[PDB]
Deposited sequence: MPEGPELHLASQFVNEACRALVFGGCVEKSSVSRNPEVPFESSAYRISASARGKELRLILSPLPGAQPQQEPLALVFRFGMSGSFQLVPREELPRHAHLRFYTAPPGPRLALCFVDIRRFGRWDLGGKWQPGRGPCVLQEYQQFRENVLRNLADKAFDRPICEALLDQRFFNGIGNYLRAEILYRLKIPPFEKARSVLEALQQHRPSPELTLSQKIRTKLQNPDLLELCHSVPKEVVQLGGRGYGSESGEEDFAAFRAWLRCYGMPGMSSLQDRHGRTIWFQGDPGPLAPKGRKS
């Protein structure tokens, strides 16, 4: 998952858990290296917000719930496979690694953090990752300024296909979005990032870093992902113009990750 997936996951949690009351402990699969979540409430609601490639749950005990408890924030990163799913308490998926259980009345449900591969991670802090750039979806002006102010940074020596994955400046952009973005402007992926950015100091590279992932969010669906039917997944595959599409060339950036492009690879190519 990349920014749009984290965003729709946030929306999924909020819409699904609007009318739900949770109760009891927050349960961790005994194979997850991530920390135990010390939290018990007789009655609590669950809300979410997203910032680039991170999502924040807030667990909010209701009035008079017991034990006396202050709200608790957890921040998730999903790595290659994470996901959130509302399931029947007795049909936990394989790889439901963290699990929030509905109190009665109503049919017993588990909001599960599902992460097949265990590249996902969570922290008790409630805080966004120190160093991560602003969210390209929700802090666009902040995102734009945070780049143009810092072209001096060695980050921008790298080729543009590489800089776009540095979450310090492009929080929320990942390997499908970088491909999709450059294709829209036909910027060679191994053009030097400083050259392409110095220019702006008919939409431009930074406009698209916002608007292109925002197109994924406005499919509905779960962006690149199977939930909301294996119907919405094909609605994404049809949106894609570059990433994996027949006809397109592809190469490995200096860190093994595959960039899909059309035509000219550009000057700093392997």
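Gaps between the deposited sequence and the modelled coordinates occur at 1, 203-221, 291-295, listed in sequence order.
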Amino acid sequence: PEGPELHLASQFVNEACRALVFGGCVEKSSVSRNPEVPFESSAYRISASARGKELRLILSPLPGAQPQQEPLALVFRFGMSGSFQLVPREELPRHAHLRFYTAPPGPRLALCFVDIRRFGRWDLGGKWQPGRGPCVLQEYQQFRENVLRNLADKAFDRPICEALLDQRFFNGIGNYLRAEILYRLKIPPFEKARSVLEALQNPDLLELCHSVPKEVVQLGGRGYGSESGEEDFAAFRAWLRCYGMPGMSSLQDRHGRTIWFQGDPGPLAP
From here on, numbers count along this sequence of modelled residues.
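The mean Cα B-factor in the deposited entry runs higher for 145-153 than for the other of 132-140 and 145-153.
As the entry records it, the average C-alpha temperature factor is higher for 91-99, out of 91-99 and 158-166. Note on 52, 213, 61, 35: the highest value goes to 35, judged by CA B factor as recorded. Per the PDB record, 105 has a higher Cα B-factor than any other of 174, 105, 189, 82. Placement of the Cα temperature factor of residue 21 within the chain: lowest third of the modelled residues, per the deposited record.
When the modelled residues of the chain are ordered by their C-alpha B factor, residue 47 lands in the lowest third.
When the modelled residues of the chain are ordered by their C-alpha B factor, residue 125 lands in the highest third. In the PDB entry, a CA B factor belonging to the lowest third of its chain's modelled residues is recorded for residue 56. Residue-level temperature factors show residue 200 in the highest third of its chain, judged at the C-alpha atom.
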